[PDB]
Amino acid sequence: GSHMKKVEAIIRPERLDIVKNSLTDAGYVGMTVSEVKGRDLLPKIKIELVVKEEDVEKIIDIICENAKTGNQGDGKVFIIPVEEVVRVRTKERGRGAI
């Protein structure tokens, strides 16, 4: 019961700003962005957020809300368990590190 989760979302590159700015506005700044390819192999954007479990549903809504375009290929959101999180700067561990 770590109560820490990784949110992994694959979205359209043209939806990054709207999804990033919407997340920033909700107080979710800890985010990793990478250029990938998905489903032909079209350029896509992967976003990763390691957060407190209680924040997962809120982030899903924000990602789901902003990323939607109503067309096929909008992307998916994955929830992956995280058993530990550590801050490199102070070696602090746990939910405090998030």
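Residue numbers here begin at 1 and follow the sequence given.
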{"query": "Gap size between residue 40 and residue 39, counted in deposited residues that the entry leaves unmodelled", "finding": "10 or more"}
{"query": "Between the two ranges 76-84 and 16-24, the one averaging a larger CA B factor in the entry", "finding": "16-24"}
{"query": "Of 30-38 and 67-75, the stretch whose C-alpha atoms average the higher B-factor in the entry", "finding": "67-75"}
{"query": "Residue 58 - which third its CA temperature factor falls in, relative to the rest of the chain", "finding": "highest"}
